[PDB]
$ cat model13.cif   # mmCIF, N, CA and C atoms and all ligand atoms
data_upload
#
loop_
_atom_site.label_atom_id
_atom_site.label_comp_id
_atom_site.auth_asym_id
_atom_site.auth_seq_id
_atom_site.Cartn_x
_atom_site.Cartn_y
_atom_site.Cartn_z
N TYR F 1316 -11.11 51.88 -134.33
CA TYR F 1316 -10.03 50.87 -134.13
C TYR F 1316 -8.82 51.55 -133.45
N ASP F 1317 -9.06 52.65 -132.75
CA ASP F 1317 -8.02 53.34 -131.94
C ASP F 1317 -7.91 52.63 -130.60
N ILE F 1318 -6.82 51.91 -130.36
CA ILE F 1318 -6.70 51.11 -129.11
C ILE F 1318 -6.20 51.96 -127.96
N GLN F 1319 -5.93 53.25 -128.19
CA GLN F 1319 -5.61 54.16 -127.07
C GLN F 1319 -6.81 55.02 -126.68
N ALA F 1320 -7.90 55.04 -127.47
CA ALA F 1320 -8.96 56.07 -127.29
C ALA F 1320 -9.65 55.94 -125.92
N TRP F 1321 -9.66 54.76 -125.35
CA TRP F 1321 -10.35 54.52 -124.07
C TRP F 1321 -9.86 55.49 -123.01
N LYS F 1322 -8.59 55.91 -123.06
CA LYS F 1322 -8.04 56.65 -121.92
C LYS F 1322 -8.69 58.03 -121.80
N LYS F 1323 -8.76 58.78 -122.88
CA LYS F 1323 -9.44 60.07 -122.84
C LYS F 1323 -10.94 59.87 -122.61
N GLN F 1324 -11.53 58.81 -123.17
CA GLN F 1324 -12.95 58.54 -122.94
C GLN F 1324 -13.17 58.34 -121.43
N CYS F 1325 -12.30 57.60 -120.77
CA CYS F 1325 -12.39 57.42 -119.31
C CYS F 1325 -12.11 58.71 -118.56
N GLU F 1326 -11.20 59.53 -119.01
CA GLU F 1326 -10.95 60.82 -118.36
C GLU F 1326 -12.23 61.66 -118.40
N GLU F 1327 -12.89 61.71 -119.54
CA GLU F 1327 -14.11 62.54 -119.69
C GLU F 1327 -15.24 61.94 -118.85
N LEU F 1328 -15.34 60.61 -118.77
CA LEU F 1328 -16.39 60.01 -117.92
C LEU F 1328 -16.11 60.30 -116.45
N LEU F 1329 -14.86 60.25 -116.04
CA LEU F 1329 -14.54 60.62 -114.66
C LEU F 1329 -14.87 62.07 -114.41
N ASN F 1330 -14.62 62.94 -115.36
CA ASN F 1330 -14.98 64.37 -115.20
C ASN F 1330 -16.49 64.46 -114.96
N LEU F 1331 -17.30 63.78 -115.75
CA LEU F 1331 -18.77 63.80 -115.57
C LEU F 1331 -19.09 63.28 -114.17
N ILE F 1332 -18.44 62.19 -113.76
CA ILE F 1332 -18.71 61.61 -112.43
C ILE F 1332 -18.38 62.65 -111.36
N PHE F 1333 -17.25 63.34 -111.44
CA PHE F 1333 -16.86 64.36 -110.43
C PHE F 1333 -17.84 65.54 -110.44
N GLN F 1334 -18.55 65.81 -111.52
CA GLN F 1334 -19.55 66.91 -111.54
C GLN F 1334 -20.87 66.47 -110.91
N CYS F 1335 -21.03 65.17 -110.72
CA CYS F 1335 -22.31 64.59 -110.28
C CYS F 1335 -22.40 64.55 -108.75
N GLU F 1336 -23.41 65.22 -108.18
CA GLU F 1336 -23.53 65.29 -106.71
C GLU F 1336 -23.46 63.90 -106.07
N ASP F 1337 -24.00 62.92 -106.74
CA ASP F 1337 -23.99 61.55 -106.20
C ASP F 1337 -22.57 61.02 -106.04
N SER F 1338 -21.55 61.57 -106.65
CA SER F 1338 -20.19 61.04 -106.44
C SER F 1338 -19.49 61.55 -105.18
N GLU F 1339 -20.07 62.58 -104.54
CA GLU F 1339 -19.45 63.28 -103.38
C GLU F 1339 -18.81 62.28 -102.41
N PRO F 1340 -19.55 61.27 -101.91
CA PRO F 1340 -19.03 60.37 -100.89
C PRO F 1340 -17.87 59.49 -101.38
N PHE F 1341 -17.70 59.40 -102.69
CA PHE F 1341 -16.78 58.45 -103.33
C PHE F 1341 -15.61 59.14 -103.99
N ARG F 1342 -15.38 60.41 -103.70
CA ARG F 1342 -14.29 61.16 -104.37
C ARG F 1342 -12.99 61.03 -103.63
N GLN F 1343 -13.01 60.56 -102.37
CA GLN F 1343 -11.85 60.52 -101.44
C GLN F 1343 -12.01 59.41 -100.39
N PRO F 1344 -10.96 59.07 -99.62
CA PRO F 1344 -11.01 57.99 -98.62
C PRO F 1344 -11.92 58.25 -97.41
N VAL F 1345 -12.29 57.16 -96.73
CA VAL F 1345 -13.16 57.18 -95.52
C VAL F 1345 -12.34 57.58 -94.30
N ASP F 1346 -12.76 58.64 -93.61
CA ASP F 1346 -12.16 59.10 -92.34
C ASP F 1346 -12.57 58.09 -91.26
N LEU F 1347 -11.61 57.45 -90.58
CA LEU F 1347 -11.95 56.38 -89.61
C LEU F 1347 -12.44 57.01 -88.30
N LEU F 1348 -12.26 58.32 -88.09
CA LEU F 1348 -12.90 59.03 -86.95
C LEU F 1348 -14.41 59.12 -87.18
N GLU F 1349 -14.84 59.17 -88.44
CA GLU F 1349 -16.27 59.28 -88.82
C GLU F 1349 -16.90 57.89 -88.94
N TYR F 1350 -16.15 56.93 -89.48
CA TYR F 1350 -16.61 55.54 -89.73
C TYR F 1350 -15.58 54.58 -89.16
N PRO F 1351 -15.53 54.42 -87.82
CA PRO F 1351 -14.44 53.68 -87.20
C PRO F 1351 -14.37 52.20 -87.60
N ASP F 1352 -15.50 51.63 -88.02
CA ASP F 1352 -15.56 50.19 -88.38
C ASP F 1352 -15.25 50.00 -89.87
N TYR F 1353 -14.98 51.06 -90.63
CA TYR F 1353 -14.99 50.94 -92.11
C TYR F 1353 -13.97 49.87 -92.55
N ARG F 1354 -12.75 49.90 -92.02
CA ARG F 1354 -11.67 48.99 -92.48
C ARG F 1354 -11.81 47.60 -91.86
N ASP F 1355 -12.72 47.39 -90.90
CA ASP F 1355 -13.05 46.03 -90.40
C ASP F 1355 -13.77 45.24 -91.51
N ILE F 1356 -14.69 46.02 -92.19
CA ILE F 1356 -15.70 45.54 -93.19
C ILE F 1356 -15.07 45.50 -94.59
N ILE F 1357 -14.18 46.49 -94.96
CA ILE F 1357 -13.67 46.80 -96.32
C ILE F 1357 -12.17 46.53 -96.36
N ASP F 1358 -11.77 45.49 -97.08
CA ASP F 1358 -10.35 45.09 -97.17
C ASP F 1358 -9.60 46.00 -98.12
N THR F 1359 -10.26 46.48 -99.19
CA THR F 1359 -9.58 47.18 -100.30
C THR F 1359 -10.38 48.43 -100.61
N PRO F 1360 -10.04 49.54 -99.97
CA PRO F 1360 -10.69 50.80 -100.26
C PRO F 1360 -10.44 51.17 -101.71
N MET F 1361 -11.38 51.96 -102.22
CA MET F 1361 -11.20 52.54 -103.55
C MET F 1361 -12.10 53.77 -103.64
N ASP F 1362 -11.63 54.78 -104.37
CA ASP F 1362 -12.36 56.05 -104.58
C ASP F 1362 -12.03 56.59 -105.98
N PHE F 1363 -12.81 57.57 -106.43
CA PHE F 1363 -12.65 58.09 -107.79
C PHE F 1363 -11.38 58.91 -107.93
N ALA F 1364 -10.88 59.52 -106.86
CA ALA F 1364 -9.59 60.22 -107.01
C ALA F 1364 -8.47 59.21 -107.23
N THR F 1365 -8.48 58.08 -106.57
CA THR F 1365 -7.48 57.03 -106.79
C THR F 1365 -7.62 56.50 -108.23
N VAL F 1366 -8.83 56.30 -108.71
CA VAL F 1366 -9.01 55.80 -110.10
C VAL F 1366 -8.45 56.83 -111.07
N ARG F 1367 -8.80 58.10 -110.93
CA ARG F 1367 -8.30 59.16 -111.81
C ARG F 1367 -6.77 59.24 -111.75
N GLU F 1368 -6.19 59.19 -110.57
CA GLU F 1368 -4.73 59.29 -110.42
C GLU F 1368 -4.09 58.09 -111.09
N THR F 1369 -4.64 56.90 -110.91
CA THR F 1369 -4.08 55.67 -111.53
C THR F 1369 -4.11 55.82 -113.05
N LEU F 1370 -5.23 56.32 -113.57
CA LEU F 1370 -5.36 56.51 -115.03
C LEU F 1370 -4.31 57.53 -115.48
N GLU F 1371 -4.23 58.67 -114.82
CA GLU F 1371 -3.34 59.78 -115.23
C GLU F 1371 -1.88 59.39 -115.07
N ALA F 1372 -1.52 58.52 -114.17
CA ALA F 1372 -0.15 57.99 -113.98
C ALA F 1372 0.26 57.07 -115.11
N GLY F 1373 -0.71 56.63 -115.92
CA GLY F 1373 -0.44 55.58 -116.90
C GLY F 1373 -0.30 54.25 -116.28
N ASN F 1374 -1.14 53.97 -115.26
CA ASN F 1374 -1.05 52.68 -114.56
C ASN F 1374 -2.30 51.81 -114.77
N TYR F 1375 -3.13 52.19 -115.74
CA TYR F 1375 -4.10 51.22 -116.26
C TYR F 1375 -3.63 50.82 -117.66
N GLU F 1376 -3.70 49.53 -117.95
CA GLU F 1376 -3.39 49.10 -119.34
C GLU F 1376 -4.64 49.09 -120.23
N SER F 1377 -5.82 48.95 -119.63
CA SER F 1377 -7.07 48.75 -120.39
C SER F 1377 -8.20 49.38 -119.61
N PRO F 1378 -9.31 49.66 -120.29
CA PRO F 1378 -10.46 50.16 -119.57
C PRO F 1378 -11.11 49.09 -118.69
N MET F 1379 -10.87 47.82 -118.94
CA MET F 1379 -11.35 46.75 -118.05
C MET F 1379 -10.76 46.93 -116.65
N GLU F 1380 -9.48 47.25 -116.57
CA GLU F 1380 -8.86 47.41 -115.24
C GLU F 1380 -9.50 48.59 -114.54
N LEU F 1381 -9.72 49.71 -115.23
CA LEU F 1381 -10.37 50.87 -114.62
C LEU F 1381 -11.75 50.48 -114.13
N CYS F 1382 -12.47 49.72 -114.95
CA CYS F 1382 -13.85 49.29 -114.66
C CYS F 1382 -13.84 48.41 -113.39
N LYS F 1383 -12.83 47.55 -113.20
CA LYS F 1383 -12.75 46.72 -112.01
C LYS F 1383 -12.61 47.63 -110.78
N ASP F 1384 -11.78 48.66 -110.82
CA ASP F 1384 -11.62 49.52 -109.64
C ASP F 1384 -12.89 50.35 -109.40
N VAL F 1385 -13.55 50.85 -110.44
CA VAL F 1385 -14.79 51.61 -110.23
C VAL F 1385 -15.84 50.69 -109.62
N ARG F 1386 -15.94 49.46 -110.12
CA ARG F 1386 -16.92 48.54 -109.56
C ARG F 1386 -16.62 48.23 -108.10
N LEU F 1387 -15.36 48.21 -107.73
CA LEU F 1387 -14.96 48.04 -106.32
C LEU F 1387 -15.48 49.19 -105.45
N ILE F 1388 -15.46 50.42 -105.97
CA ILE F 1388 -16.07 51.55 -105.22
C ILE F 1388 -17.49 51.17 -104.85
N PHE F 1389 -18.21 50.64 -105.82
CA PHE F 1389 -19.65 50.36 -105.62
C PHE F 1389 -19.84 49.12 -104.75
N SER F 1390 -19.04 48.09 -104.94
CA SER F 1390 -19.23 46.90 -104.11
C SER F 1390 -18.84 47.23 -102.68
N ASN F 1391 -17.85 48.07 -102.47
CA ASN F 1391 -17.50 48.49 -101.10
C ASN F 1391 -18.69 49.20 -100.46
N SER F 1392 -19.36 50.08 -101.18
CA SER F 1392 -20.52 50.79 -100.61
C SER F 1392 -21.62 49.79 -100.26
N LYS F 1393 -21.88 48.82 -101.11
CA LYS F 1393 -22.90 47.78 -100.83
C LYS F 1393 -22.51 46.93 -99.63
N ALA F 1394 -21.24 46.64 -99.45
CA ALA F 1394 -20.80 45.82 -98.30
C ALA F 1394 -20.85 46.62 -97.02
N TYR F 1395 -20.55 47.91 -97.09
CA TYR F 1395 -20.45 48.74 -95.87
C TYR F 1395 -21.83 49.21 -95.41
N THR F 1396 -22.79 49.34 -96.31
CA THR F 1396 -24.05 49.98 -95.95
C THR F 1396 -24.77 49.17 -94.86
N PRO F 1397 -25.39 49.86 -93.88
CA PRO F 1397 -26.16 49.14 -92.86
C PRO F 1397 -27.54 48.80 -93.40
N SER F 1398 -27.95 49.43 -94.49
CA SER F 1398 -29.30 49.27 -95.04
C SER F 1398 -29.28 49.52 -96.54
N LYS F 1399 -30.17 48.85 -97.26
CA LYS F 1399 -30.32 49.08 -98.71
C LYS F 1399 -30.94 50.46 -98.94
N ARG F 1400 -31.49 51.12 -97.91
CA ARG F 1400 -32.11 52.47 -98.07
C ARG F 1400 -31.24 53.54 -97.41
N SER F 1401 -29.94 53.27 -97.23
CA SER F 1401 -28.95 54.25 -96.72
C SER F 1401 -28.71 55.31 -97.79
N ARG F 1402 -28.67 56.58 -97.40
CA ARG F 1402 -28.43 57.69 -98.33
C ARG F 1402 -27.19 57.42 -99.18
N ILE F 1403 -26.07 57.13 -98.59
CA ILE F 1403 -24.82 57.05 -99.38
C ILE F 1403 -24.89 55.83 -100.28
N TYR F 1404 -25.46 54.71 -99.85
CA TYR F 1404 -25.58 53.55 -100.73
C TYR F 1404 -26.51 53.87 -101.88
N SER F 1405 -27.60 54.59 -101.63
CA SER F 1405 -28.54 54.93 -102.73
C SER F 1405 -27.84 55.81 -103.77
N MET F 1406 -26.97 56.71 -103.34
CA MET F 1406 -26.16 57.54 -104.24
C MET F 1406 -25.29 56.61 -105.08
N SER F 1407 -24.68 55.59 -104.45
CA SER F 1407 -23.80 54.64 -105.16
C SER F 1407 -24.60 53.95 -106.25
N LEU F 1408 -25.85 53.58 -106.02
CA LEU F 1408 -26.56 52.80 -107.03
C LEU F 1408 -26.86 53.68 -108.25
N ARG F 1409 -27.23 54.95 -108.02
CA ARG F 1409 -27.48 55.82 -109.18
C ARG F 1409 -26.19 56.07 -109.93
N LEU F 1410 -25.12 56.29 -109.23
CA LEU F 1410 -23.86 56.57 -109.90
C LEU F 1410 -23.36 55.34 -110.63
N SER F 1411 -23.59 54.14 -110.10
CA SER F 1411 -23.21 52.89 -110.76
C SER F 1411 -24.00 52.78 -112.06
N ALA F 1412 -25.30 53.09 -112.05
CA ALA F 1412 -26.12 52.98 -113.28
C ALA F 1412 -25.56 53.92 -114.32
N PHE F 1413 -25.23 55.13 -113.91
CA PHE F 1413 -24.68 56.15 -114.84
C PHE F 1413 -23.33 55.68 -115.39
N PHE F 1414 -22.48 55.14 -114.53
CA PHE F 1414 -21.17 54.65 -114.97
C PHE F 1414 -21.33 53.50 -115.94
N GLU F 1415 -22.15 52.51 -115.64
CA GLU F 1415 -22.29 51.34 -116.51
C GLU F 1415 -22.86 51.77 -117.85
N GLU F 1416 -23.79 52.73 -117.86
CA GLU F 1416 -24.44 53.20 -119.12
C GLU F 1416 -23.37 53.78 -120.01
N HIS F 1417 -22.42 54.50 -119.45
CA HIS F 1417 -21.37 55.22 -120.20
C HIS F 1417 -20.13 54.36 -120.46
N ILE F 1418 -19.78 53.39 -119.65
CA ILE F 1418 -18.54 52.61 -119.87
C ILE F 1418 -18.75 51.52 -120.92
N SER F 1419 -19.99 51.11 -121.16
CA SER F 1419 -20.28 49.97 -122.07
C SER F 1419 -19.68 50.23 -123.47
N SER F 1420 -19.82 51.43 -124.03
CA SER F 1420 -19.28 51.72 -125.39
C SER F 1420 -17.76 51.79 -125.31
N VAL F 1421 -17.23 52.33 -124.21
CA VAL F 1421 -15.76 52.41 -124.06
C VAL F 1421 -15.17 51.02 -124.08
N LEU F 1422 -15.74 50.07 -123.34
CA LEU F 1422 -15.26 48.68 -123.34
C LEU F 1422 -15.46 48.04 -124.71
N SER F 1423 -16.62 48.22 -125.30
CA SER F 1423 -16.89 47.60 -126.61
C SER F 1423 -15.88 48.09 -127.64
N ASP F 1424 -15.70 49.40 -127.72
CA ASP F 1424 -14.79 49.97 -128.73
C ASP F 1424 -13.38 49.49 -128.49
N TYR F 1425 -12.93 49.46 -127.25
CA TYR F 1425 -11.55 48.99 -126.96
C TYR F 1425 -11.41 47.56 -127.41
N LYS F 1426 -12.34 46.69 -127.03
CA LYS F 1426 -12.18 45.27 -127.34
C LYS F 1426 -12.24 45.07 -128.86
N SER F 1427 -13.07 45.82 -129.55
CA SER F 1427 -13.16 45.73 -131.02
C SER F 1427 -11.87 46.20 -131.66
N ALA F 1428 -11.29 47.26 -131.13
CA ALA F 1428 -10.08 47.86 -131.69
C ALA F 1428 -8.96 46.86 -131.49
N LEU F 1429 -8.91 46.20 -130.34
CA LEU F 1429 -7.85 45.23 -130.05
C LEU F 1429 -8.04 43.96 -130.88
N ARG F 1430 -9.29 43.55 -131.17
CA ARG F 1430 -9.50 42.41 -132.09
C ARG F 1430 -9.03 42.77 -133.51
N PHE F 1431 -9.31 44.00 -133.94
CA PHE F 1431 -8.85 44.41 -135.27
C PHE F 1431 -7.33 44.41 -135.31
N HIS F 1432 -6.71 44.87 -134.23
CA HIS F 1432 -5.24 44.95 -134.17
C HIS F 1432 -4.67 43.55 -134.35
N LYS F 1433 -5.28 42.55 -133.76
CA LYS F 1433 -4.80 41.15 -133.75
C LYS F 1433 -5.37 40.34 -134.91
N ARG F 1434 -6.09 40.93 -135.87
CA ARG F 1434 -6.87 40.19 -136.90
C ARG F 1434 -5.97 39.30 -137.77
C1 LIG F 1501 -23.36 55.06 -94.57
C2 LIG F 1501 -22.84 54.34 -95.75
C3 LIG F 1501 -23.35 53.41 -96.57
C4 LIG F 1501 -22.38 53.14 -97.55
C5 LIG F 1501 -21.31 53.92 -97.28
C6 LIG F 1501 -20.06 54.07 -98.07
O1 LIG F 1501 -20.06 53.56 -99.18
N1 LIG F 1501 -19.01 54.78 -97.63
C7 LIG F 1501 -18.76 55.27 -96.27
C8 LIG F 1501 -18.74 56.78 -96.28
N2 LIG F 1501 -17.78 57.28 -97.28
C9 LIG F 1501 -16.97 58.34 -96.98
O2 LIG F 1501 -16.88 58.76 -95.84
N3 LIG F 1501 -16.34 58.94 -98.00
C10 LIG F 1501 -15.30 59.94 -97.80
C11 LIG F 1501 -15.84 61.33 -97.87
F1 LIG F 1501 -14.92 62.25 -97.64
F2 LIG F 1501 -16.34 61.62 -99.05
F3 LIG F 1501 -16.79 61.55 -96.96
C12 LIG F 1501 -17.95 56.73 -98.63
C13 LIG F 1501 -17.97 55.22 -98.57
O3 LIG F 1501 -21.56 54.66 -96.15
#
$ encode --input "model13.cif" --output "structure tokens"
Amino acid sequence: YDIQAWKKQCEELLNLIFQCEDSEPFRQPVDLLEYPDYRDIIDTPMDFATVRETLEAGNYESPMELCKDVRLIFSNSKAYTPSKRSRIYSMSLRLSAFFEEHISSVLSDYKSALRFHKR
């Protein structure tokens, strides 16, 4: 019933994500010299360094907000990919599975803790 615990739980999950080779393409912004069409296709860039910085700044109120930005990383990769069998998109799908597997308890515990707080 700790309604602050999500933040360190998210910090540790981001640490795991940064250790994971599959996160390489998603740790920083897209160079438009390398992908000149990227911002034609993608209105709202997002990367794991921006998510970590937002968390560390104290600019997420809940793990739901963090989860929305992480999911945007993945939806951006799905929108940008030229193919469902693109290397970087395939990395996104494995990393998304890993993230969803690990964030589910963080969201459950937060929402339970907040229901207890308001009981
Ligand atoms: C070919 C394909 C399919 C899907 C994606 C994709 O999701 N992108 C574009 C490449 N990208 C970076 O260029 N990331 C920056 C750095 F420094 F890590 F390279 C990550 C986002 O790209």
$ closest_residue --input "model13.cif" --among "F:1345, F:1379, F:1394, F:1408" --to "residue 1426 of chain F" --atoms "only C-alpha atoms"
F:1379
$ closest_residue --input "model13.cif" --among "F:1378, F:1348, F:1326, F:1385" --to "residue 1413 of chain F" --atoms "only C-alpha atoms"
F:1385
$ closest_atom_pairs --input "model13.cif" --of "chain F" --to "ligand LIG 1501 (chain F)" --cutoff "5 Å" --atoms "all atoms listed in the file" --output "tab-separated table"
residue	atom	partner	partner_atom	distance
F:1339	C	F:LIG1501	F2	4.2
F:1340	CA	F:LIG1501	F2	3.5
F:1341	N	F:LIG1501	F2	4.5
F:1342	N	F:LIG1501	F2	4.9
F:1343	C	F:LIG1501	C10	4.2
F:1344	C	F:LIG1501	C10	3.8
F:1345	CA	F:LIG1501	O2	4.1
F:1346	N	F:LIG1501	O2	4.7
F:1391	C	F:LIG1501	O1	4.7
F:1392	CA	F:LIG1501	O1	3.2
F:1395	C	F:LIG1501	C4	4.5
F:1396	CA	F:LIG1501	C3	3.6
F:1397	N	F:LIG1501	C3	4.9
F:1403	C	F:LIG1501	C4	4.6
F:1404	N	F:LIG1501	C3	4.1
$ atom_distance --input "model13.cif" --atom1 "atom C of residue 1336 of chain F" --atom2 "atom N of residue 1370 of chain F"
21.1 Å
$ atom_distance --input "model13.cif" --atom1 "atom C of residue 1421 of chain F" --atom2 "atom CA of residue 1360 of chain F"
24.2 Å
$ closest_residue --input "model13.cif" --among "F:1316, F:1418, F:1433, F:1425" --to "residue 1376 of chain F" --atoms "only C-alpha atoms"
F:1425
$ closest_residue --input "model13.cif" --among "F:1330, F:1401, F:1411, F:1374" --to "residue 1388 of chain F" --atoms "only C-alpha atoms"
F:1411
$ atom_distance --input "model13.cif" --atom1 "atom C of residue 1319 of chain F" --atom2 "atom C of residue 1409 of chain F"
25.6 Å
$ select_by_dssp --input "model13.cif" --residues "segment 1339-1382 of chain F" --states "helix (DSSP H, G or I)" --output "list in words"
residues 1339, 1340, 1341, 1353, 1354, 1355, 1356, 1363, 1364, 1365, 1366, 1367, 1368, 1369, 1370, 1371, 1378, 1379, 1380, 1381 and 1382 of chain F
$ closest_residue --input "model13.cif" --among "F:1320, F:1393, F:1410, F:1400" --to "residue 1356 of chain F" --atoms "only C-alpha atoms"
F:1393
$ closest_residue --input "model13.cif" --among "F:1434, F:1422, F:1362, F:1406" --to "residue 1337 of chain F" --atoms "only N, CA and C atoms"
F:1406
$ axis_aligned_box --input "model13.cif" --around "segment 1379-1394 of chain F" --padding-each-side "5 Å" --output "lines of an AutoDock Vina configuration file"
center_x = -15.9
center_y = 48.7
center_z = -108.0
size_x = 24.0
size_y = 15.8
size_z = 31.9
$ build_atoms --input "model13.cif" --residues "segment 1347-1364 of chain F" --atoms "N, CA, C and O atoms" --output "mmCIF file, keeping the file's coordinate frame"
data_model
loop_
_atom_site.group_PDB
_atom_site.id
_atom_site.type_symbol
_atom_site.label_atom_id
_atom_site.label_comp_id
_atom_site.auth_asym_id
_atom_site.auth_seq_id
_atom_site.Cartn_x
_atom_site.Cartn_y
_atom_site.Cartn_z
ATOM 1 N N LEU F 1347 -11.610 57.450 -90.580
ATOM 2 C CA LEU F 1347 -11.950 56.380 -89.610
ATOM 3 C C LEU F 1347 -12.440 57.010 -88.300
ATOM 4 O O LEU F 1347 -13.057 56.295 -87.526
ATOM 5 N N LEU F 1348 -12.260 58.320 -88.090
ATOM 6 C CA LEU F 1348 -12.900 59.030 -86.950
ATOM 7 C C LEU F 1348 -14.410 59.120 -87.180
ATOM 8 O O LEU F 1348 -15.169 59.147 -86.199
ATOM 9 N N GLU F 1349 -14.840 59.170 -88.440
ATOM 10 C CA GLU F 1349 -16.270 59.280 -88.820
ATOM 11 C C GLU F 1349 -16.900 57.890 -88.940
ATOM 12 O O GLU F 1349 -18.085 57.732 -88.582
ATOM 13 N N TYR F 1350 -16.150 56.930 -89.480
ATOM 14 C CA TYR F 1350 -16.610 55.540 -89.730
ATOM 15 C C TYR F 1350 -15.580 54.580 -89.160
ATOM 16 O O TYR F 1350 -14.762 54.017 -89.893
ATOM 17 N N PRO F 1351 -15.530 54.420 -87.820
ATOM 18 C CA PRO F 1351 -14.440 53.680 -87.200
ATOM 19 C C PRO F 1351 -14.370 52.200 -87.600
ATOM 20 O O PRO F 1351 -13.304 51.612 -87.535
ATOM 21 N N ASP F 1352 -15.500 51.630 -88.020
ATOM 22 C CA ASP F 1352 -15.560 50.190 -88.380
ATOM 23 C C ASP F 1352 -15.250 50.000 -89.870
ATOM 24 O O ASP F 1352 -15.270 48.869 -90.342
ATOM 25 N N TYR F 1353 -14.980 51.060 -90.630
ATOM 26 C CA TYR F 1353 -14.990 50.940 -92.110
ATOM 27 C C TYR F 1353 -13.970 49.870 -92.550
ATOM 28 O O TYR F 1353 -14.301 49.026 -93.382
ATOM 29 N N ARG F 1354 -12.750 49.900 -92.020
ATOM 30 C CA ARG F 1354 -11.670 48.990 -92.480
ATOM 31 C C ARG F 1354 -11.810 47.600 -91.860
ATOM 32 O O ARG F 1354 -11.088 46.708 -92.328
ATOM 33 N N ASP F 1355 -12.720 47.390 -90.900
ATOM 34 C CA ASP F 1355 -13.050 46.030 -90.400
ATOM 35 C C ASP F 1355 -13.770 45.240 -91.510
ATOM 36 O O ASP F 1355 -13.528 44.034 -91.660
ATOM 37 N N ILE F 1356 -14.690 46.020 -92.190
ATOM 38 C CA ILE F 1356 -15.700 45.540 -93.190
ATOM 39 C C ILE F 1356 -15.070 45.500 -94.590
ATOM 40 O O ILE F 1356 -15.392 44.533 -95.319
ATOM 41 N N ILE F 1357 -14.180 46.490 -94.960
ATOM 42 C CA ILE F 1357 -13.670 46.800 -96.320
ATOM 43 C C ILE F 1357 -12.170 46.530 -96.360
ATOM 44 O O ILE F 1357 -11.409 47.361 -95.815
ATOM 45 N N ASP F 1358 -11.770 45.490 -97.080
ATOM 46 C CA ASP F 1358 -10.350 45.090 -97.170
ATOM 47 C C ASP F 1358 -9.600 46.000 -98.120
ATOM 48 O O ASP F 1358 -8.405 46.222 -97.949
ATOM 49 N N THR F 1359 -10.260 46.480 -99.190
ATOM 50 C CA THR F 1359 -9.580 47.180 -100.300
ATOM 51 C C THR F 1359 -10.380 48.430 -100.610
ATOM 52 O O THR F 1359 -11.234 48.393 -101.495
ATOM 53 N N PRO F 1360 -10.040 49.540 -99.970
ATOM 54 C CA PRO F 1360 -10.690 50.800 -100.260
ATOM 55 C C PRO F 1360 -10.440 51.170 -101.710
ATOM 56 O O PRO F 1360 -9.381 50.933 -102.310
ATOM 57 N N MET F 1361 -11.380 51.960 -102.220
ATOM 58 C CA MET F 1361 -11.200 52.540 -103.550
ATOM 59 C C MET F 1361 -12.100 53.770 -103.640
ATOM 60 O O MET F 1361 -13.127 53.821 -103.021
ATOM 61 N N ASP F 1362 -11.630 54.780 -104.370
ATOM 62 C CA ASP F 1362 -12.360 56.050 -104.580
ATOM 63 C C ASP F 1362 -12.030 56.590 -105.980
ATOM 64 O O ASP F 1362 -11.071 56.122 -106.614
ATOM 65 N N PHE F 1363 -12.810 57.570 -106.430
ATOM 66 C CA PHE F 1363 -12.650 58.090 -107.790
ATOM 67 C C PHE F 1363 -11.380 58.910 -107.930
ATOM 68 O O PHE F 1363 -10.896 58.987 -109.054
ATOM 69 N N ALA F 1364 -10.880 59.520 -106.860
ATOM 70 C CA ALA F 1364 -9.590 60.220 -107.010
ATOM 71 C C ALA F 1364 -8.470 59.210 -107.230
ATOM 72 O O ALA F 1364 -7.609 59.446 -108.117
#
